[PDB]
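Student: Got a file for you: protein.pdb, PDB, C-alpha atoms (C1' of nucleotides).
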ATOM      1  CA  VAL A 252      -9.385 159.167  27.328
ATOM      2  CA  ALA A 253      -6.977 156.190  27.282
ATOM      3  CA  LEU A 254      -9.000 154.466  24.502
ATOM      4  CA  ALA A 255      -8.968 157.743  22.527
ATOM      5  CA  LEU A 256      -5.183 158.152  23.025
ATOM      6  CA  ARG A 257      -4.679 154.528  21.899
ATOM      7  CA  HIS A 258      -6.561 155.231  18.640
ATOM      8  CA  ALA A 259      -4.901 158.522  18.082
ATOM      9  CA  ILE A 260      -1.337 157.143  18.614
ATOM     10  CA  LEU A 261      -1.401 153.741  16.841
ATOM     11  CA  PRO A 262      -1.343 153.615  12.988
ATOM     12  CA  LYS A 263      -4.969 153.345  11.729
ATOM     13  CA  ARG A 264      -6.533 150.884   9.224
ATOM     14  CA  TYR A 265     -10.222 150.308   8.259
ATOM     15  CA  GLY A 266     -11.923 147.578   6.193
ATOM     16  CA  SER A 267     -14.004 148.051   3.004
ATOM     17  CA  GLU A 268     -17.194 148.321   5.171
ATOM     18  CA  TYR A 269     -16.136 151.947   5.930
ATOM     19  CA  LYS A 270     -15.961 152.487   2.085
ATOM     20  CA  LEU A 271     -13.069 155.006   2.475
ATOM     21  CA  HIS A 272     -11.318 156.473  -0.590
ATOM     22  CA  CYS A 273      -8.577 158.101   1.462
ATOM     23  CA  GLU A 274      -6.505 156.770   4.476
ATOM     24  CA  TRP A 275      -6.531 158.584   7.850
ATOM     25  CA  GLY A 276      -2.727 158.401   7.670
ATOM     26  CA  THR A 277      -1.883 159.966  11.056
ATOM     27  CA  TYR A 278       0.000 158.390  14.035
ATOM     28  CA  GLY A 279       2.712 158.997  16.716
ATOM     29  CA  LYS A 280       2.562 160.632  20.192
ATOM     30  CA  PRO A 281       2.418 164.250  21.517
ATOM     31  CA  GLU A 282       5.041 166.199  23.470
ATOM     32  CA  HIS A 283       2.278 168.007  25.449
ATOM     33  CA  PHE A 284      -1.423 167.236  26.061
ATOM     34  CA  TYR A 285      -3.764 170.211  26.644
ATOM     35  CA  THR A 286      -7.187 169.668  28.287
ATOM     36  CA  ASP A 287     -10.148 171.061  30.177
ATOM     37  CA  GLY A 288     -10.197 170.854  34.027
ATOM     38  CA  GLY A 289     -12.390 167.732  34.062
ATOM     39  CA  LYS A 290     -11.624 164.891  36.512
ATOM     40  CA  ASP A 291     -10.918 162.601  33.484
ATOM     41  CA  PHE A 292      -7.867 164.663  32.506
ATOM     42  CA  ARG A 293      -6.673 165.435  36.093
ATOM     43  CA  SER A 294      -6.958 161.715  37.040
ATOM     44  CA  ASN A 295      -3.877 159.833  38.313
ATOM     45  CA  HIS A 296      -4.413 157.312  35.478
ATOM     46  CA  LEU A 297      -3.748 159.911  32.739
ATOM     47  CA  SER A 298      -0.780 161.304  34.732
ATOM     48  CA  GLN A 299       0.751 157.780  34.760
ATOM     49  CA  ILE A 300       0.133 157.531  30.968
ATOM     50  CA  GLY A 301       1.846 160.944  30.560
ATOM     51  CA  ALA A 302       4.925 159.896  32.548
ATOM     52  CA  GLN A 303       5.341 156.588  30.632
ATOM     53  CA  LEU A 304       4.846 158.103  27.130
ATOM     54  CA  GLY A 305       6.667 161.354  28.111
ATOM     55  CA  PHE A 306       4.009 164.010  27.359
ATOM     56  CA  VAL A 307       3.362 166.435  30.265
ATOM     57  CA  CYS A 308      -0.333 167.440  30.636
ATOM     58  CA  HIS A 309      -1.627 171.078  30.825
ATOM     59  CA  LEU A 310      -5.036 172.526  31.937
ATOM     60  CA  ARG A 311      -6.595 175.267  29.695
ATOM     61  CA  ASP A 312      -7.238 178.716  31.235
ATOM     62  CA  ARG A 313     -10.857 179.138  29.938
ATOM     63  CA  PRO A 314     -13.115 177.224  27.462
ATOM     64  CA  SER A 315     -12.391 180.014  24.912
ATOM     65  CA  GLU A 316      -8.663 179.005  24.881
ATOM     66  CA  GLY A 317      -9.768 175.507  23.762
ATOM     67  CA  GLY A 318     -10.999 176.895  20.396
ATOM     68  CA  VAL A 319      -9.117 174.255  18.353
ATOM     69  CA  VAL A 320     -10.969 171.353  20.118
ATOM     70  CA  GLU A 321     -14.260 173.181  20.891
ATOM     71  CA  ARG A 322     -15.044 174.412  17.345
ATOM     72  CA  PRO A 323     -14.955 170.989  15.551
ATOM     73  CA  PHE A 324     -18.104 169.926  17.471
ATOM     74  CA  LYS A 325     -20.025 172.877  15.932
ATOM     75  CA  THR A 326     -18.610 171.906  12.506
ATOM     76  CA  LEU A 327     -19.753 168.274  12.950
ATOM     77  CA  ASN A 328     -23.283 169.419  13.985
ATOM     78  CA  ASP A 329     -23.607 171.574  10.853
ATOM     79  CA  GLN A 330     -21.950 169.320   8.197
ATOM     80  CA  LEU A 331     -22.926 165.853   9.540
ATOM     81  CA  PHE A 332     -25.291 165.281  12.450
ATOM     82  CA  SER A 333     -28.131 167.739  11.563
ATOM     83  CA  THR A 334     -28.768 165.661   8.371
TER
ATOM     84  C1'  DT B   1      24.946  27.329 170.708
ATOM     85  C1'  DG B   2      24.083  31.811 168.664
ATOM     86  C1'  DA B   3      26.463  36.312 169.733
ATOM     87  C1'  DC B   4      31.057  38.749 169.040
ATOM     88  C1'  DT B   5      35.791  39.671 166.638
ATOM     89  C1'  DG B   6      39.509  38.680 163.178
ATOM     90  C1'  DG B   7      40.926  37.218 157.695
ATOM     91  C1'  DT B   8      41.960  37.730 153.064
ATOM     92  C1'  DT B   9      43.049  38.158 146.205
ATOM     93  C1'  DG B  10      37.966  94.891 122.447
ATOM     94  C1'  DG B  11      38.235  99.679 123.903
ATOM     95  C1'  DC B  12      39.603 104.919 123.132
ATOM     96  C1'  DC B  13      40.585 108.187 119.603
ATOM     97  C1'  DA B  14      42.219 109.856 114.899
ATOM     98  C1'  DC B  15      41.635 109.660 110.005
ATOM     99  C1'  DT B  16      39.236 108.386 105.472
ATOM    100  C1'  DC B  17      35.617 107.213 101.874
ATOM    101  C1'  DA B  18      30.981 106.325  99.527
ATOM    102  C1'  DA B  19      26.861 108.754  99.680
ATOM    103  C1'  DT B  20      23.036 111.429  99.715
ATOM    104  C1'  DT B  21      20.824 115.995 101.081
ATOM    105  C1'  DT B  22      20.314 120.488 100.277
ATOM    106  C1'  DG B  23      20.973 124.464  98.197
ATOM    107  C1'  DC B  24      22.215 127.621  94.131
ATOM    108  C1'  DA B  25      23.270 128.967  89.369
ATOM    109  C1'  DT B  26      22.256 128.131  84.361
ATOM    110  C1'  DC B  27      19.933 126.979  80.609
ATOM    111  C1'  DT B  28      15.565 126.150  77.763
ATOM    112  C1'  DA B  29      11.501 125.548  75.264
ATOM    113  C1'  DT B  30       7.089 126.913  75.377
ATOM    114  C1'  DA B  31       2.826 130.236  76.461
ATOM    115  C1'  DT B  32       1.159 134.397  76.119
ATOM    116  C1'  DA B  33      -0.329 139.430  75.795
ATOM    117  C1'  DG B  34       0.582 144.234  72.827
ATOM    118  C1'  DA B  35       2.618 147.248  68.310
ATOM    119  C1'  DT B  36       2.462 147.414  63.415
ATOM    120  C1'  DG B  37       0.856 147.138  58.892
ATOM    121  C1'  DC B  38      -2.262 146.187  54.785
ATOM    122  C1'  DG B  39      -7.129 145.700  52.607
ATOM    123  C1'  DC B  40     -11.094 147.120  51.837
ATOM    124  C1'  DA B  41     -15.737 149.931  52.835
ATOM    125  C1'  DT B  42     -17.484 154.625  53.660
ATOM    126  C1'  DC B  43     -17.891 159.514  53.615
ATOM    127  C1'  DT B  44     -16.628 164.169  51.634
ATOM    128  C1'  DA B  45     -15.170 167.234  48.110
ATOM    129  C1'  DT B  46     -14.544 168.688  43.004
ATOM    130  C1'  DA B  47     -15.050 168.820  38.190
ATOM    131  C1'  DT B  48     -17.603 168.410  33.322
TER
END
What do you get writing this file as structure tokens?
Tutor:
Amino acid sequence: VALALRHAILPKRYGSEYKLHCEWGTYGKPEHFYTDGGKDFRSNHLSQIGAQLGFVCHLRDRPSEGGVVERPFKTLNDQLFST
DNA sequence: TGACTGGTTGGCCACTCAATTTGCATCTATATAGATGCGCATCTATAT
């Protein structure tokens, strides 16, 4: 989770070996972080990251509330991985 | 004649001093057993 936050937050750049035509172009840090109930996200380590960067964490009520993060894995299976 | 006799140029007390014994109070500097607190292993529980 900390590696994924580091990539999300820092400005992104990729070399020509990724062959991109666009730039990812996103950066900066959240005001809130919303997660499942997994130990990874309820760990003290993430809580210390939250307090230093200033983004309080929140646990989702049910997997169906996570629709924004859950659905992209179906979309990746269909458009990318099944080929 | 060989005897006799006479002749004759410190202690008893009161006071004092060096000493030297004996005892008591005061450090003192070490020796030595018990609380207290990390620092990790180990087990249990919970979640995806």
Student: Could you please determine the separation between CA of residue 297 in chain A and CA of residue 259 in chain A in Å, to one decimal place?
Tutor: 14.8 Å
Student: Give the residues of chain A that lie within 9 Å of chain B; count all atoms listed in the file, and format the answer as a ChimeraX atom specification.
Tutor: /A:287-291
Student: Any chance you could work out the axis-aligned box around range 303-318 of chain A, listed atoms only, 5 Å on each side, giving centre and edge lengths in Å to one decimal, as JSON?
Tutor:
{"center_x": -3.2, "center_y": 168.3, "center_z": 26.2, "size_x": 29.8, "size_y": 33.4, "size_z": 21.5}
Student: Going by the chain IDs and residue numbers used in this file, which residues fall under the PyMOL selection byres ((chain A and resi 310-316) around 6)? Write them as a PyMOL selection string.
Tutor: chain A and resi 285-288+309+317-318
Student: Once the PyMOL selection byres ((chain A and resi 301) around 12) has been applied to the shown file, what residues remain in the selection, as a PyMOL selection string?
Tutor: chain A and resi 252-253+256+280-285+292-300+302-309
Student: Could you jot down the CA of residue 278 in chain A to CA of residue 325 in chain A separation for me, Å, one decimal place?
Tutor: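 Atom-to-atom, CA of residue 278 in chain A and CA of residue 325 in chain A are spaced 24.8 Å apart.
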Student: Interatomic distance between CA of residue 277 in chain A and CA of residue 321 in chain A?
Tutor: 20.6 Å
